[PDB]
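Remarks on the structure that follows.
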Amino acid sequence: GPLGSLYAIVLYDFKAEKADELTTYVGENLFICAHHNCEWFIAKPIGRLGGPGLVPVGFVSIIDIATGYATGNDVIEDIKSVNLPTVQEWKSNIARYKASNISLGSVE
Numbered sequence: 153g154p155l156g157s158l159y160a161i162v163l164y165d166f167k168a169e170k171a172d173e174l175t176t177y178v179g180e181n182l183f184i185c186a187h188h189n190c191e192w193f194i195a196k197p198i199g200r201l202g203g204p205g206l207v208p209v210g211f212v213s214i215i216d217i218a219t220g221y222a223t224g225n226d227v228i229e230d231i232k233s234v235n236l237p238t239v240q241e242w243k244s245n246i247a248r249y250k251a252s253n254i255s256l257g258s259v260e
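Residue numbers for the sequence shown follow the entry's author numbering, so the first one is 153 and each next one is one higher.
The structure is reproduced here in structure tokens:
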């Protein structure tokens, strides 16, 4: 129901090929930072001070908090849920805005 934070799950170990590509690990948990052509994703691991990076969609799945299954949904639908801005629209926001604070709710 509530949105504002989207995440994905690595079902396969990705291998950074590009010069800005990032490597991943199979059966891993991570969150998308952006999406390109609803084909590529802007990964951003914390395990290491770096990222973000480009990752394949076939190597990541979107699912809600649970054991780890596929309901049959898609990332695109989740992209419009978390207003997941395209890597192109993100890069545009980068160096555009400045660290700020926004209203936040509260509920145990």
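For each residue, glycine too, the CB sits at the ideal point set by N, CA and C.
From which residue to which residue does the alpha helix (DSSP H) around residue 245 run?
Position 93 of the sequence shown, counted from the first residue, corresponds to residue 245. Element bounds for residue 245: 239 to 245.
In three-state DSSP terms, what is residue 215?
One-based indexing of the sequence shown puts residue 215 at position 63. Correct three-state label for residue 215: coil.
Quick check: residue 208 and residue 196, are their CB atoms within less than 7 Å of each other?
Taking the sequence shown and counting its residues from 1, the one referred to as residue 208 is at position 56. Taking the sequence shown and counting its residues from 1, the one referred to as residue 196 is at position 44. No, the Cβ-Cβ distance between residue 208 and residue 196 is not below 7 Å.
Opposing strand residues paired with residue 166 [DSSP bridges]
Within the sequence shown, the letter at position 14 stands for residue 166. DSSP lists no partner for residue 166.
If you compare alpha carbons, which of 256, 258, 254, 242 is closest to residue 185?
Within the sequence shown, residue 185 is the residue found at index 33, counting from 1. If we check each option's Cα against that of residue 185, 242 comes out closest.
Give the secondary structure of residue 191 by DSSP, where H, G and I count as helix, E and B as strand, and everything else as coil.
Counting from one through the sequence shown, the residue named residue 191 turns up at place 39. Coil at residue 191, not helix or strand.
Quick check on DSSP: helix, strand or coil for residue 229?
The sequence position of residue 229 within the sequence shown is 77, counting from 1. In the structure shown, residue 229 adopts helical secondary structure according to DSSP, grouped into three states.
Run the CB neighbour count on residue 256, radius 10 Å, all protein chains shown included, and call it buried at 16 or more, exposed below.
As a working note, residue 256 is residue 104 in the sequence shown. By the C-beta density criterion, residue 256 is exposed, having fewer than 16 other C-beta atoms within 10 angstroms.
Can you tell me which of 244, 248, 230, 226 puts its alpha carbon nearest to the alpha carbon of residue 158?
Mapped onto the sequence shown, residue 158 falls at position 6. Between residue 158 and the set 244, 248, 230, 226, the nearest pair of CA atoms involves 230.
Would you mind reading off the limits of the beta strand (DSSP E) that contains residue 180?
Reading the sequence shown from its first residue, position 28 is the one you call residue 180. Membership of residue 180 in the beta strand (DSSP E) is indicated by the continuous run 180 to 182.
Let me check understanding here. Comparing Cα to Cα, which of 160, 232, 171, 170 lies closest to residue 177?
Within the sequence shown, residue 177 is the residue found at index 25, counting from 1. Answer by Cα proximity: 160.
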